[PDB]
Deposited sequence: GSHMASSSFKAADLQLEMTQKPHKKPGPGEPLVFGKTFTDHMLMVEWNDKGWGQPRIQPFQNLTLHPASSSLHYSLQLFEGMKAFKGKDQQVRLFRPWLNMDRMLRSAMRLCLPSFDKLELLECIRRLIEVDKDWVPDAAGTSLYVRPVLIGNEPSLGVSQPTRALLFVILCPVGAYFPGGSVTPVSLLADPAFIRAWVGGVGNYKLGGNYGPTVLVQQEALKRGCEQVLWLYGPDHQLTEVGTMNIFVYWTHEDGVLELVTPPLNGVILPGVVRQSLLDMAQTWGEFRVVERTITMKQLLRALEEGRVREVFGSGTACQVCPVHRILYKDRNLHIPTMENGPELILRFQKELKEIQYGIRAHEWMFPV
């Protein structure tokens, strides 16, 4: 039986910290945090407490066997100062799937969402309202068994921290990135856990990113299979806007076959494009073979990443088999990207009412 929002204990900070005035992503945090403990007596009472360190037993399974998962979603403040979360129910669904996959304790998705609402409500003055700004919300659930046996934990901690974030692009002007496409590096496997947002999926990628930077590329294009399927780009889902081999203009993204993290932005872009009804929208495997041919015949319009922190990011270059492939995204507007960006902005900041937004 879940923790309940009705049982929320509150403790306000003695000295509130000074809000920012050049804000680096995920390094500046708000005054408060959510915390819930779980043990053999079930879930304790959720609490909003001042931001503070975690105290953990040195054998905590969070630190030895990676019993850890997280989420990431944004809250946006409109002109009327109303704060809204973007499609948070989907992050809750995803968090619960991750928790089950790691044998961590189940919780009630709406009870968590309400606790998170109360938390953002407490720190509402931390949500900025300038162009391209938002509050990043980082829920985390960790095992906390003081035992070196690889086992299902009998203790766990669930916490939530918040970070104001600035505009990823200057004045809403998307800047494109180069990608390294080397099949030696494999992010995730069918049957694995690449489709869950587990800490374990990220640490091994840090050296890969370093190797991309050494080869003059900004991010990693994650390839999979003997046919070099394009799966994800960095920590973002990948989209291609092109005329397909059958002559039909389409937006394509790889399907959810196990090696793809099902992004909330990804699903939202698919939803928006289907709603327009102006071109084919499909989830299909994308191979480097298909991409190279389409690039020779001039059929590729736009390539981009999607994800909460950066929203939509264009791609202009891919290094594959030591050969640079120019991707004509910025030449094609990038009008699909600019259109998505505009419609999402209107929804996120309340310019258009939308059921996707959850009011705080």
Quiz item: What gaps appear when the modelled C-alpha atoms are mapped onto the deposited sequence?
Solution: 1 to 6, 28 to 30
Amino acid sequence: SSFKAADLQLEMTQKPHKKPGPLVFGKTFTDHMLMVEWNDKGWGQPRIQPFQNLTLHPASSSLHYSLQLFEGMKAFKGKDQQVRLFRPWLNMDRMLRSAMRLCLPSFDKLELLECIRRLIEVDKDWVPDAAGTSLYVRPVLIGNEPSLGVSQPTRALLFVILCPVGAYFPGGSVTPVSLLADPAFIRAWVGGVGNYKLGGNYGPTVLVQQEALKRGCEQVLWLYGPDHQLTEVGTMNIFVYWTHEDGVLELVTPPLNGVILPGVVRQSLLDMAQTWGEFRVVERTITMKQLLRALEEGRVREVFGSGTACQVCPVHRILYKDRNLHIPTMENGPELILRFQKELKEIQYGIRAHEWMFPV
From here on, numbers count along this sequence of modelled residues.
Self-check item: 126 to 134 or 149 to 157, whichever carries the higher mean Cα B-factor
Solution: 126 to 134
Quiz item: Comparing 222 to 230 with 199 to 207, which has the greater mean CA B-factor as deposited?
Solution: 222 to 230
Quiz item: Taking the Cα B-factors listed in the entry, which of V174, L112, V140, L162 comes out highest?
Solution: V174
Practice problem: By the entry's C-alpha temperature factors, tell me which of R187, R266, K214, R84 sits highest. | Solution: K214
Quiz item: Against its chain's modelled residues, does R117's Cα B factor rank lowest, middle or highest third?
Solution: middle
Practice problem: Within this chain's modelled residues, let me know which third the CA B factor of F107 belongs to: lowest, middle or highest. | Solution: middle
Practice problem: Give the position of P255 by CA B-factor within its chain, expressed as the lowest, middle or highest third. | Solution: middle
Quiz item: What third of its chain's C-alpha B-factors does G192 belong to: lowest, middle or highest?
Solution: lowest
Exercise. Could you look up the Cα B-factor of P50 in the entry and say which third of the chain it sits in: lowest, middle or highest?
Key: middle
